[PDB]
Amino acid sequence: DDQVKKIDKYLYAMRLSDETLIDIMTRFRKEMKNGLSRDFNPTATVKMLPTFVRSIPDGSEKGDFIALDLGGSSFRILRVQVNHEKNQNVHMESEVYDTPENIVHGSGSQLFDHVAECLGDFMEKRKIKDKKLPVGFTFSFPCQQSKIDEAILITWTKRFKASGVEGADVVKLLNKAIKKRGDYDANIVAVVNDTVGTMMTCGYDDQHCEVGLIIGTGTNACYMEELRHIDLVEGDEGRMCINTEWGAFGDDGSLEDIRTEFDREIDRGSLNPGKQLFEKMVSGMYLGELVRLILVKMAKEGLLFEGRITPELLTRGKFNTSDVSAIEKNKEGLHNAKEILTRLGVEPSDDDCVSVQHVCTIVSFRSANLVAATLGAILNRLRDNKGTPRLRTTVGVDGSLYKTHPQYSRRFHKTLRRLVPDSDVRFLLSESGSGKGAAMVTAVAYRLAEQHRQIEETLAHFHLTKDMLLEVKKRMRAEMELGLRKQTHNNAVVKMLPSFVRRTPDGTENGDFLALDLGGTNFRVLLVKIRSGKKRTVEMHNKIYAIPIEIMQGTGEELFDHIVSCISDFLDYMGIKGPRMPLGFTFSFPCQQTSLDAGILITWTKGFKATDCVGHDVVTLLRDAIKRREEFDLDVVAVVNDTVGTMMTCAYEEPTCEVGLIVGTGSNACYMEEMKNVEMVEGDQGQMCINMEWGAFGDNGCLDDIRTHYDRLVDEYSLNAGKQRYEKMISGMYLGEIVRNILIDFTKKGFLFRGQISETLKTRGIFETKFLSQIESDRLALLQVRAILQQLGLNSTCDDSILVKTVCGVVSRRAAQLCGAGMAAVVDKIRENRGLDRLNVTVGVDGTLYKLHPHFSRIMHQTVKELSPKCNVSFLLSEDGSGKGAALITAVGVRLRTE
């Protein structure tokens, strides 16, 4: 008995006490917290990787798929087919392919071309090639994942080292391999660790399974953690499976007091020197060689075989984990020991067979004990999560060692239940391997992949290519010609209306002017005092007056009576009642003008629909309201479009400015055109500012090409169906409605909001410019996005908030690009007008969508640069409004009136 009580002291360091295993467990409990926290995760050795699997199979899984399995003892390819609907119990066929060491050690090309060739064969053996079966992929290696169908290899472990893989996406790699063959197609829909595949396989049968355990070639475990603990994943709703990759436990010296001279030597001879240290004490790829190393030592010290030693006893890997298991069998161990020890050359004595069988015990007992230490920590985490005074869960298991060693399972279960007896645990053992749990993962993945595909399909229609945009640019330019030319003008949709402003501020303007700003979001009256000379100044005041629902749609007389009434109040407000003042009237609507002071309303746009206004001269209508009140008297000198007012405002200080752009409630533009080109106004000397009214672009159908189902709905339900189509794809009054319709369709399709179309969501105008701008802000936490949505009255989840955000982006982006194509055409026509090769020009811009949106102006400028590369455009934001420009225009008006 001394021959045994002696080994017990020699391999003393490889016998851990419960006191010890407790310290280990405590330490792994910490490693978990560090792996999960976003602050320390990058330093932690236990990666606690997110798997993107939300829960064990429930039964609703259904379909037919192919599963791959690489990284374990054998490279297997399965096929899991199941429909409960047709009442078709889970069914599955599998197979194994030989993969020579030269492949597992060659280039990724070799390895993945190999896997691709085997998948080919496997499919050419059932003729399931033409079947669009979803492929699942079990990859037993640590992987970086941001989505279930992405797997960036962090590092090879166990027996694999293939060049050109670490850091790449094995998904893209396999796809490439297959592609090169063109032998068939394959939709890799998911990738999971074998721990995860195992947890899913067992969960299917045991709805309490919350853990996955692999003790085969290598060791590793996964568990269901609370999303409120997974710092590295946006969300708190529910739970997700974490792949601990605990093999790396202690790769940073953590376990330098547990590791022995033996562990260090096997390491110095291993494939991954320094890494997977905890694992190198456990998995069945090392145990055999650990024993051999211990036996070489003892032998060298004469503790065995008379101190005899052969070349075989010194050869790496002559001792298998098989032999370790074969020696530990109850009835036959010593017999086997003899045989194995005899093949080794040494002269095995019945005593040697007893010592060796004991080294195997100490070594195998330790592996199981360690996995107990760590698993005990996982359970401690679960119980803590639940809060229950007693954990009651199930642990899935798989792996050659655990499956074949006649003493391992037995010993391990006992140690664990002892370290954490405050819990009743069941150890369900996989029998299908991973196929089942894996295919159950693929089912869900594919499901979600299909929705996603339909989504991208719909949103794809909103994507415009460089060439598409250049077409839009070209069409815009053509429509411009049609509008300017007297022959085609009457039918042209882009009216190219003359403003009668012939030049930008010349610096002589001087005086006091009243002003009106009508058509934007805020109607106001202004007082503008301009002083020219050496020391030139501008001083303005204004007041916003609200316009009531009745009035805005109502009778012209009503509307202009309200306006004049507001003018009256403002006069009192400014303490200036009674002098006859010159008035500049900014009226943001298409007007046919025969002079600066006459404007006939061509048609209402945006939200305005007063009766008996269209066809009338708005200056007359105003003069009447002034007459009718008979309080004060004004001298209305000019009517001006906000575009033109904006250009003039910005020209005041920036003489390079010759273009006006508005992107607010509506969208429109203006620019300085050569009189020789304005065929609608007699004369060919100098210039004329042209109010384009480009919102009407597309009204003749020249954009049916790119308008979508959602664009048509918005147009069709608007106050002006069939009109202002281009603007309805750009401005703040409409973008939201477009988005709203997209969402209504997605909800009906079941992609959003659980498929329930809220009353709120059926309220038109819900997505105001302000909301859109907030929703698209950068580095904005989903929690914040979801908050904004609940504010509007939309009860949404993280996934919803994400989809909504994507939709808003697609729409606002398209708007910025379409707007860019228009401006691109404009600046290019100017460049030509001046016969330049390169033109520097600046644009005066105003509008709420333009000011508030965090991407619009940017994408718009970018687009203008790309489409008109021979122009360098500068966009200058107007911060005052139109008052200055309107005033500057009114000044020249007076100089012509008093002329």
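In this text, residue numbers run from 1 along the sequence as written.
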872 to 880 versus 8 to 16 - which carries the larger mean C-alpha B factor in the record:
8 to 16
With respect to the recorded C-alpha B factors, which stretch has the higher mean value, 659 to 667 or 73 to 81?
73 to 81
Entry record, C-alpha B-factors for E312, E457, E245, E481; the maximum is at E312
Between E95, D800, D699, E471, where does the Cα B-factor run highest in the record?
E95
Temperature factor at the Cα of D64, chain-ranked in thirds, falls in the highest
Among all modelled residues of this chain, ranked by Cα B factor, put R54 in the bottom, middle or top third, i.e. lowest, middle or highest.
middle
Among modelled residues of the same chain, the CA temperature factor third for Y184:
highest
By the record's CA B-factor, is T863 among the lowest, middle or highest third of residues in the chain?
lowest
Relative to the other modelled residues of the same chain, rank the CA B-factor of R814 and answer lowest, middle or highest third.
lowest
